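To begin, one chain is listed below as structure tokens, in the form deposited in one PDB entry.
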């Protein structure tokens, strides 16, 4: 702790607008990973000037960005998760403080500009932007340069110096103030000028861009970033599309490939060479008959539809839904103790979340108290529960899980999932809540707010064991659309009795009991709403279109 000790805070924004409008999983991953990369660029300045132990939060001890890009360790696929938060604080000597602010702003600025230059070279060379090698240099003109340059605001503030917590709660003040100090649009985000959008007409713009959807510098950077990463590391995310996550359901793709796979790729090539690339389907949505029927020789297409249906009949229907899991710690909250809680969170987000998600879906971000993952629907509930338990062992957590159809617009899905977390789970008194929602392709939306222990109770329950029945759920739910005049207890006893050898006597007794127990852990201020919660939950996890 030397010398002229100063406490310094860094915040990088925007986060949610940047990550928010992402039209594809790969973009979403790239937004998240790039943001964390920016924080790496920031903290590296402090490590260079002082040392790793000078960063109080986040704790750098296990950080894969530092192990790889700093020390050169070979860490493999772990590098694909973003673990670095957009806020940090460190201890620096007061004389260094301003020097450090400048150096950081600059390093982020220059990093982004370099990515952008590399990005246009890549774009022109790979034909994502169809333009001569002459006019590539118009893409580098001062305007777009200034867009890249000013896109992220990096706020830095420092207080001088056991009353530690006091001033610790101060810098978010000047740091709260600093964030507030300040042609044709892009077709992806919509929020920035498109590259050629100023010097050209619309048709003159849309035409020359790949898929007639021009990008601003920011989204061009997003598009290049996974290639940047696959060159700097040898790594690329295992599942590029949400369909690829969706099909992890019940190992459906593994078993399908193993049995019917080669035959399918051949049937598809037999239709057209353009559906098959490297003895694989060009699109994972091609595992769906529905896509062969609609979206785009019709006899050999019928042959693929027939083939698929047959295979479904043997192996089961194809999964069309996936889950977005969003988690955040509730009300989260002495310098050595600050380091202790920081290291606790770091171990959680780097080690433990990873160890529960693993290969079973895509972990995009673990930022200490925050998590973002895309999961197959049959892993969503247990991944959320297990991560919750892990966090408790380090303390409480709310989550939202949006189950959505593969064709639903990603930015809207993320908006909704994040809404589930913030406007529902977080608005329950005491919080510590899971908000589950299911947005059916038809457009009907089902939400249920439960407590974490509803998952364990339901897990162990005979009721669950039996549920794998339907008419039951439908009837109890039909009863609570408004409410039974006969009251809840009576309606429930009636309904249980109505759907169960004579061992029924005990079964009915235990179930009714279990339900009562389960009802305890559903959120809501009265029993009818608690039954609605419980039974909507049940309707969701048993839905045959969603869980086929």
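Numbering follows the first chain given and starts at 1. C-alpha atoms forming the largest set that superposes within 1.5 Å between two forms make up the rigid core.
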Is residue 168 unresolved, in the sense of carrying no coordinates, in at least a third of the other compared entries?
no
Are coordinates for residue 296 absent in a third or more of the other compared PDB entries?
yes
How many residues that are in the deposited sequence but not in the model lie between residue 296 and residue 297: none, 1 to 3, 4 to 9, or 10 or more?
10 or more
According to the entry, are there none, 1 to 3, 4 to 9, or 10 or more residues of the deposited sequence without coordinates between residue 72 and residue 73?
none
472 to 480 or 94 to 102, whichever carries the higher mean Cα B-factor:
94 to 102
The stretch carrying the higher mean Cα B factor in the deposited entry, 509 to 517 or 28 to 36, is 509 to 517
Among 416, 222, 465, 440, where is the Cα B factor highest in this entry?
465
I'd like to know which of 432, 132, 382, 110 has the highest C-alpha temperature factor in the PDB entry.
132
Which third of the chain holds residue 202 when residues are ordered by C-alpha B factor: lowest, middle or highest?
highest
Residue 395's Cα B-factor: lowest, middle or highest third of the chain?
highest
In terms of the chain's CA B-factor thirds, is residue 334 lowest, middle or highest?
highest
Among modelled residues of the same chain, the CA temperature factor third for residue 61:
middle
Residue 523: CA temperature factor from the record, placed by chain third, in the middle
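Absent from the display: the form deposited in another entry. The rest refers to it.
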Only one of 194, 384, 372, 247 shifts by 2 Å or more at CA between this form and the one not shown when the core is aligned; which is it?
194
Residue 266 C-alpha shift between this form and the one not shown of 2 Å or more, rigid core reference:
yes
When the rigid core is used for the superposition, does residue 204 move between this form and the one not shown (threshold: C-alpha shift of 2 Å or more)?
yes
